[PDB]
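What follows is a set of notes on a single structure, which appears directly below.
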Amino acid sequence: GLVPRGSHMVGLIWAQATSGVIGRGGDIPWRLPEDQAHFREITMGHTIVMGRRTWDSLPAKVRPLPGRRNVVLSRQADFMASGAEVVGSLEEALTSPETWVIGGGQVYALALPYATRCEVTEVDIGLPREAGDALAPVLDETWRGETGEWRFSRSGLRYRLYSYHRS
Ligand SMILES: NC(=O)c1ccc[n+]([C@@H]2O[C@H](COP(=O)([O-])OP(=O)(O)OC[C@H]3O[C@@H](n4cnc5c(N)ncnc54)[C@H](OP(=O)(O)O)[C@@H]3O)[C@@H](O)[C@H]2O)c1
Ligand SMILES: CCc1nc(N)nc(N)c1OCCCOc1ccccc1CCC(=O)NS(C)(=O)=O
């Protein structure tokens, strides 16, 4: 369903291991080129919001991510994010009619209360939670959605898509 242009739809999009781990050591601890396609179709043409550490983690060749207004949250007023804009709190990050929050653990948690969509890729990889991991936010009982079927990636890694929504 289309978003009325006077409203403010906030979505979260992430990929996680079964354990909920999304990030470790400044990176994502798997590679899934198929997940990149889904990420692009959801976010293309909209504003994307990310934490400063997620900006740092982006491959240099796609930083800023093309075809999307890139917004970076930082408390560092002098932060350099070429091709993007830096905001110092959530207030001015969510003023577009459609915004996708693209990570990381801190900024998913910050934006979750305002979100009405989550697009979640689950990767069937056994990565037990460790000290310092970035984690998927916990979804409360207001959320509902659909669980997709497992598929193998070319590499043999298994993954499936969840699409969640709430009012
Ligand atoms: N699997 C996935 O789908 C996925 C997607 C994205 C990222 N990741 C991974 O997630 C990890 C990064 O997550 P993370 O939790 O460490 O960091 P993050 O959420 O990306 O960034 C945290 C930074 O955001 C800024 N920030 C946080 N809250 C703020 C607020 N209220 N106001 C202003 N600025 C705020 C601060 O920047 P300053 O320190 O500059 O003040 C903070 O250090 C990486 O491993 C990355 O690869 C995974
Ligand atoms: C695909 C990962 C991902 N996956 C999901 N599902 N949600 C996220 N937030 C999400 O994170 C998006 C931000 C981090 O992006 C990374 C991380 C590691 C390696 C590469 C990229 C960039 C991928 C890329 O080129 N994207 S594109 C084609 O130009 O639009």
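Counting begins at 1 with the first residue displayed.
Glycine residues also receive a Cβ, built from the backbone N, Cα and C atoms like all the rest.
According to the PDB entry:
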{"type": "SEQADV", "residues": "1-8", "note": "expression tag"}
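Per Swiss-Prot, these features apply:
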{"type": "BINDING", "residues": "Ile13, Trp14, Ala15, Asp35, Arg40, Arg68, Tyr108, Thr121", "note": "substrate binding site"}
{"type": "BINDING", "residues": "14-15, 22-27, 51-54, 73-76, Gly88, 102-107", "note": "NADP(+) binding site"}
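The Cβ of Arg40 has fewer other Cβ atoms within 10 Å than any other of the binding-site residues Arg40, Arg52, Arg68. Mapped onto three states, the DSSP output places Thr121 (substrate binding site) in strand. The 10 Å shell around the Cβ of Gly23 (NADP(+) binding site) contains 22 further Cβ atoms across the protein chains shown. Largest Cα-Cα distance over the residues recorded as binding substrate, namely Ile13, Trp14, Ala15, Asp35, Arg40, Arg68, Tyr108, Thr121, equals 21 Å. Of the recorded residues, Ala15 (substrate binding site) and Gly26 (NADP(+) binding site) place their C-alpha atoms 15 Å from one another. Comparing the binding-site residues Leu73, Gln76, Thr121 by how many other C-beta atoms lie within 10 angstroms of each C-beta, the top residue is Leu73.
Residue counts for the expression tag (1-8) under DSSP, helix first, then strand, then coil, are 0 helix, 0 strand, 8 coil.
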